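Form deposited in one PDB entry, single chain, as structure tokens, below.
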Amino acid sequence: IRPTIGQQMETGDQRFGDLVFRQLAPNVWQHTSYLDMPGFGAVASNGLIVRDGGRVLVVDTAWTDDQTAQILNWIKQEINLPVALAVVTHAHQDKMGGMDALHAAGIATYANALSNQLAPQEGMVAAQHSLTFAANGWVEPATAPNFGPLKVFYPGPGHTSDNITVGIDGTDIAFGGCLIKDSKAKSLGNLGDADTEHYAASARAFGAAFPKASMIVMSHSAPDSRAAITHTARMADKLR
């Protein structure tokens, strides 16, 4: 962990406990946590913290409960607003590994219904609430009450069958999670759970759902431009 965190850090990064925070916009921070995958080394996973009026919204947990509890501490001391809800973008450890910590803190948690149905078989704890989606991919508003600037969109199966994505109203930022890879990536990373036929279209759907967004946030790379989308789709075309 320690060597790779040092190599990864750039000028705007801030360290707290085991976690790295970078401010992306006036009310949006990227949280980064690391897991040592033996054979592979240390792997970063990015999520978001969003301040919306008098409350905080979290997109994705850290890899573990203890790291997630730390994110909550950093919020309590650096922002000092209550965390109203968390949204997790699919049933994998990088996004849902810290669920028990959120529930211990009394934080309302939301995921795709399908993420919650898959969570037990993926070794994850389900979120308390289930999001559903229309045929056009947009979240059904009654399943996502009081989400403020968070615009939740299900682009279809790609990285996983359940992957969801989030735009932040009032910013240039859209979060592709593990679906989108950066613009110079040599591969699509972990395709173990991937839908090869639909991935390209899903990546393109994410792109089209947030057509203005110029800062694409993803799980294992620094924020990139829209070329991350195009490039991810091009790589995915070679799968089908």
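If you superpose the two forms and keep the largest set of C-alpha atoms that fall within 1.5 Å, you have the rigid core. The first residue of the sequence shown is number 1, and the count goes up from there.
In this entry, 23 to 31 has the higher mean Cα B-factor, the comparison being between 23 to 31 and 192 to 200. Higher mean CA temperature factor between 53 to 61 and 203 to 211: 53 to 61, per the PDB entry. In this entry, the residue among 160, 77, 112, 143 with the greatest C-alpha B factor is 77.
The entry lists a Cα temperature factor for residue 73 that places it in the highest third of the chain's modelled residues.
Sort the chain's modelled residues by C-alpha temperature factor and residue 84 lands in the middle third, per the entry. Ranked by Cα temperature factor within the chain, residue 173 sits in the middle third according to the deposited record. Annotation for residue 106: C-alpha temperature factor in the middle third relative to the rest of the modelled chain, per the entry.
Split the chain's modelled residues into thirds by C-alpha temperature factor. Residue 179 is in the lowest one.
Quick note: we don't show the form deposited in another entry, though the next part is all about it.
Comparing the forms between the shown form and the other one on their rigid core, the Cα displacement of residue 25 stays under 2 Å. With the core held fixed, residue 39 shows a CA shift of 2 Å or greater between the shown form and the other one. The rigid-core alignment places the CA of residue 227 less than 2 Å apart between the shown form and the other one.
Between residue 6 and residue 182, the Cα spacing is larger in the other entry than in the shown form, differing by no less than 3 Å. By 3 Å or more, the C-alpha separation between residue 6 and residue 30 shrinks in the other entry relative to the form shown here.
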